[PDB]
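Asks: A structural model of the following input is requested.
(4 chains, ligands or ions: 4)
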Amino acid sequence: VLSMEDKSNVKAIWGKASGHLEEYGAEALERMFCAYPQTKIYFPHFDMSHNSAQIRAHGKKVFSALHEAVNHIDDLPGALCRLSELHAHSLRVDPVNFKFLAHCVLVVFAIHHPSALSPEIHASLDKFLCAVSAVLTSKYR
Amino acid sequence: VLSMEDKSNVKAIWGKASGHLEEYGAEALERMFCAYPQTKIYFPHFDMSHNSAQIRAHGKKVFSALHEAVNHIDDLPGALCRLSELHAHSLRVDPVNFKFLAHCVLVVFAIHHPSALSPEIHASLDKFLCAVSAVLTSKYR
Amino acid sequence: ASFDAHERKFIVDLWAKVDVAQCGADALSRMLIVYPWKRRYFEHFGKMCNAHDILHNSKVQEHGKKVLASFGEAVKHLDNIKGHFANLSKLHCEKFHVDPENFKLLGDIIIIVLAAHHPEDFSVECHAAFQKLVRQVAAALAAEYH
Amino acid sequence: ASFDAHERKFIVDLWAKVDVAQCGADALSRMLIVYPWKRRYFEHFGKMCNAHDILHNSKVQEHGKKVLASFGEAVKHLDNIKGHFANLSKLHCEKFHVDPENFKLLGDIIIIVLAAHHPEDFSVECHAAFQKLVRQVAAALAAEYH
Ligand code: HEM
Ligand code: HEM
Ligand code: HEM
Ligand code: HEM
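Replies: Numbers count the residues shown, from 1 in each chain, chains lettered A, B, ... in the order given. Ligands and ions are numbered 1, 2, ... in the order given. Below you will find the coordinate block:
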C-alpha cells in the first residue's frame, strides 16, 4: 500500500535527517509536548525543559527506530514488533497520540528541509508515518 | 492481528446470518441511511423507501461480500481487492463512512442475536469490521 | 439540532423501559473489552487484564451504573444537553485526562446495549433518534476541553 | 480557551508576515494531494487525477487563496472564532456536504505550509499558539453541523 515511488520518496527525504537523528528527534518531541500537552501524562519522570538530557535521549531512540523502519519498509510489522507490544500492551498508549507525533515529525522536516518536502514527498512521508502508527497500535489486548 | 480465537469467534457469529444475508444487509443499510443521513449523497439514484428493491439488492451484495471476507479471513487484501479499487479510487468514498456502516452492522447482529453477540464476540466482530474497512480505504490515490 | 416531537417521543418512551444498572454495567464492561487502551484511565479499579477480570470487577460494574444514570439525565434536559454536561466535561478534561475521541466510542457501545435489550423498540427510526442523542452527549462532554 | 497575550502576540506577529495567496494555494493543493478522497468535494473544479493536474488547476489555486484569506479573518476575531465562522459552518454542512473530520486535516496542512515558509518564526512556542488557533477554527466550522 506504499507504492514503489512512495518508498523511493521516503528513502530520499529520510536521507536528509541522517546525521541529525537526535536533534530532529528531540525537536519532534518538544513540539509534541508543547502543542499537544495532554501527551505529557505518558512521561511523568521526564525533565521537560528545552534540550533536557532525557528528551534528547528519547528523541534519538524514537528517530533511530523510525530510521530502521525506513530500512525495512517492506516488512514494517516485523521491524516494529517489540515496540508494538510495548506501546499497545504495556503502556496502553491511547491511539490518537500517534497522530500527534506523526504530525510533529512532518513539521520538523518542513522546517529543516522545506524545498525537499514537496507535495508528492509530503504525501509519501505521511503514508509511511500512518503505516508505522498502524503497526504500533495493532497489539491492543 | 486477528488472533486464532478472534477468527473462530467471527466465523461462529457469522454463521447466524447465513440464510439472512439480504434481510440483514437491507437493515444494516436502512439504519445507515436513517441514523447517518449524510451517507445518502453516495446513493442519488436509489429509492430510499423501506424495503425498496434497490436497497435490498444492495444489502445483499454488501453482506455477500462480507461473507466471502469471513471465508478468506487470512487474506482480506486479496479477497477485497476489486472493492478497494471501487470504493477508494472510483467512488472516492470519504473514509469516515466505513465506521458508520460497521457500527450499523453490529447493531443488526445485536437486535437479531443478542445472546450470541457477547462481549468477547462483539470484540472479535468489531476487529474484523475494522480490518475490512482498512482494506477498502487502502487504495486512495 | 433541537429534538422534534417524534424524536423526543422515541427517546422518552424507550428510556422509561431501560434497566440502567444492568445496561450501565454492560456498556462499561464492553468498552473496556472492545477498546483495551481505555483500561489505562481506570487503572485504579484493579484487575483489568482480560474480559473475565473485567466482567467480575465490582468497581467496573458499579461505575457503569453511575455513568448510565448520568447519561440518562440527558433525557430530562433534551433542550440543554451542553449546559447540563459542562462540569462533567471539565472533570473529564482536568481530573481524568480522558481523550475526547473516546466519548463517541462509548456512545456507540450504549446503542449496541440498548439494541440487544430492547430489540422490538429499537426500530430504524428510534435508533436514529438515539444516535442523535448520543452524539449530542459526546459533544457536550468534549466541550470544556481547552 | 481564551488566547493569552503571548499566544496572541505569536499569532498576530507571524500572520503579518504570511503571503496568503501563495500559502493558500499551497495548502489547498497539498490537501488534495495528501488526502485524495477530498477531491470528491471539488469535482466541479475539473482535472484532479494526479498531483501534476492539481498543481496546474487555476481553480484550485484561486480557491486556496480564498480559504486562507478567510482563515486569516480568525486572527482579527480571536475572541469570537465560533461566532464569526457560523455561516461558513452552515454552508459547509448544507451546501457542500463536507464531513467535519476533514477540517482538522486542513488545519494540519496549514501548519506544515507555515512551518516551511517561516521556519525561523515558527518556534516551538509559536507552533503551539498556531495549533490552538487551527483547532479552534476547525471546531467553529464543525459547529453548525446538525
Ligand atoms: C513513531 C511513533 C513512535 C515511535 C517510533 C516510538 C518509539 C519508541 C521507542 C524506540 C521507545 C523506547 C523503547 C525502548 O527503549 O525499549 C519508546 C518508548 C516510549 N514511548 Fe514511544 N514511540 C512512538 C510514539 C509514541 C507516542 C505517540 C507516545 C505517547 C504520546 C509514546 C510514548 C512512549 C513512552 C511513554 C515510552 C517509554 C518512555 C520511557 O520509558 O522513558 N511513544 N517509544
Ligand atoms: C463493509 C463495507 C462495505 C462493503 C463490503 C461494500 C461492498 C460493496 C459492494 C459489494 C458493492 C457493489 C459492487 C459491485 O456491484 O460491483 C458496493 C457498491 C457501492 N458501495 Fe459499498 N461497501 C461497503 C461500504 C460502503 C460505504 C460505507 C459506502 C458509502 C457510505 C459505500 C458506497 C457504495 C456505493 C455508492 C456503491 C455503488 C452503489 C451502486 O452503484 O448502486 N459502500 N459496495
Ligand atoms: C456518556 C459518556 C460518559 C459519561 C456520561 C460519563 C460520566 C461519568 C460520571 C458521571 C463519572 C463520575 C464522576 C464523579 O463521580 O464525579 C465519571 C467518571 C469517570 N469517567 Fe466518565 N463518563 C463518560 C465517558 C467516559 C469515557 C469514554 C471515559 C474513558 C474512556 C471515562 C472515564 C472516566 C473516569 C476515569 C472517571 C473517574 C473514574 C472513577 O474514579 O470513578 N468516562 N464519568
Ligand atoms: C480552514 C478550513 C476551511 C475554511 C476557512 C474554508 C473556507 C471556505 C470558504 C471561504 C469557501 C468559499 C465559500 C463561499 O464562497 O461562499 C469555501 C468553499 C468550499 N469549501 Fe471550504 N474551508 C475550509 C475547509 C474545507 C475543507 C476541509 C473542505 C473539503 C475537504 C472544504 C470544501 C469546500 C467546498 C467544496 C467549497 C465550495 C467550493 C467552491 O465551489 O468554491 N473546505 N470554504
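
Asks: what number of residues lie near the residue of chain A found nearest ligand 3?
Replies: Nearest residue of chain A to ligand 3 (CB to the nearest ligand atom) works out as residue A:94 at 8.6 Å. In short, each C-beta sits where N, CA and C put it, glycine included. Other residues lying near residue A:94 total 23 when counted by other CB atoms under 10 Å in any protein chain shown.

Asks: Within range of ligand 2, give me the residues from chain A.
Replies: For chain A, no residue is in contact with ligand 2 (CB under 6 Å from any ligand atom).

Asks: wait, does stretch A:124-133 make contact with chain C?
Replies: No. Contact of stretch A:124-133 with chain C (CB under 8 Å from any CB of the partner chain) is absent, the minimum separation being 13.4 Å.

Asks: Provide a list of residues in contact with the residue of chain A closest to ligand 3.
Replies: C:37, C:40, C:99, C:102 (CB atoms under 8 Å, 6 or more residues apart in numbering or on different chains).

Asks: And for residue A:78?
Replies: Counting by CB under 8 Å, 6+ apart, residue A:78 touches residue A:72.

Asks: Going by proximity to ligand 2, name the top residue of chain A.
Replies: Counting by CB to the nearest ligand atom, chain A gets nearest to ligand 2 through residue A:1 (17.6 Å).

Asks: Residue A:134 is in contact with that residue, correct?
Replies: No. At 9.9 Å, residue A:1 does not count as touching residue A:134 under the criterion of CB atoms under 8 Å.

Asks: ranges for the helices of the chain?
Replies: This is for chain A. Assignment of helices within chain A using DSSP state H yields the ranges A:4-17, A:21-35, A:53-70, A:76-79, A:81-84, A:96-112, A:119-136.

Asks: hm, I was asking about chain C
Replies: C:5-15, C:20-34, C:51-55, C:58-71, C:81-84, C:86-94, C:102-117, C:124-141.

Asks: Kindly reformat these as CSV containing distance to chain A.
Replies: Listed next are the helices of chain C as CSV, based on distance: least, CB to the nearest CB, whole Å:
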stretch, distance to chain A
helix C:5-15, 30
helix C:20-34, 10
helix C:51-55, 10
helix C:58-71, 16
helix C:81-84, 22
helix C:86-94, 9
helix C:102-117, 8
helix C:124-141, 14
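
Asks: Now mean neighbour count and distance to ligand 1 too, for the ones you listed, in JSON lines please.
Replies: As requested, the helices of chain C are exported to JSON lines (neighbours: other CB atoms under 10 Å in any protein chain shown; distance: least, CB to the nearest ligand atom, whole Å):
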{"stretch": "helix C:5-15", "mean neighbour count": "15", "distance to ligand 1": "38"}
{"stretch": "helix C:20-34", "mean neighbour count": "22", "distance to ligand 1": "20"}
{"stretch": "helix C:51-55", "mean neighbour count": "17", "distance to ligand 1": "24"}
{"stretch": "helix C:58-71", "mean neighbour count": "17", "distance to ligand 1": "25"}
{"stretch": "helix C:81-84", "mean neighbour count": "16", "distance to ligand 1": "29"}
{"stretch": "helix C:86-94", "mean neighbour count": "15", "distance to ligand 1": "17"}
{"stretch": "helix C:102-117", "mean neighbour count": "21", "distance to ligand 1": "15"}
{"stretch": "helix C:124-141", "mean neighbour count": "21", "distance to ligand 1": "22"}
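
Asks: Now render these as JSON lines, adding distance to residue A:130.
Replies: Conversion of those to JSON lines gives the following (distance: least, CB to CB, whole Å):
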{"stretch": "helix C:5-15", "distance to residue A:130": "38"}
{"stretch": "helix C:20-34", "distance to residue A:130": "22"}
{"stretch": "helix C:51-55", "distance to residue A:130": "29"}
{"stretch": "helix C:58-71", "distance to residue A:130": "32"}
{"stretch": "helix C:81-84", "distance to residue A:130": "33"}
{"stretch": "helix C:86-94", "distance to residue A:130": "27"}
{"stretch": "helix C:102-117", "distance to residue A:130": "20"}
{"stretch": "helix C:124-141", "distance to residue A:130": "25"}
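
Asks: Residue D:51 is nearest to which of those?
Replies: Ranking the helices of chain C by their distance to residue D:51 (criterion: CB to CB) puts helix C:102-117 first, at 33.2 Å.

Asks: neighbouring contacts of that closest one?
Replies: Helix C:102-117 has contacts (CB under 8 Å, 6+ apart) with A:94, B:103, B:106-107, B:110-111, B:114, B:117, B:122, C:14, C:18-19, C:22-23, C:26-27, C:30-31, C:34-35, C:38, C:67-68, C:71, C:122, C:127, C:130-131, C:134-135, C:137-139, C:141-142.

Asks: Alright, I will stop here.
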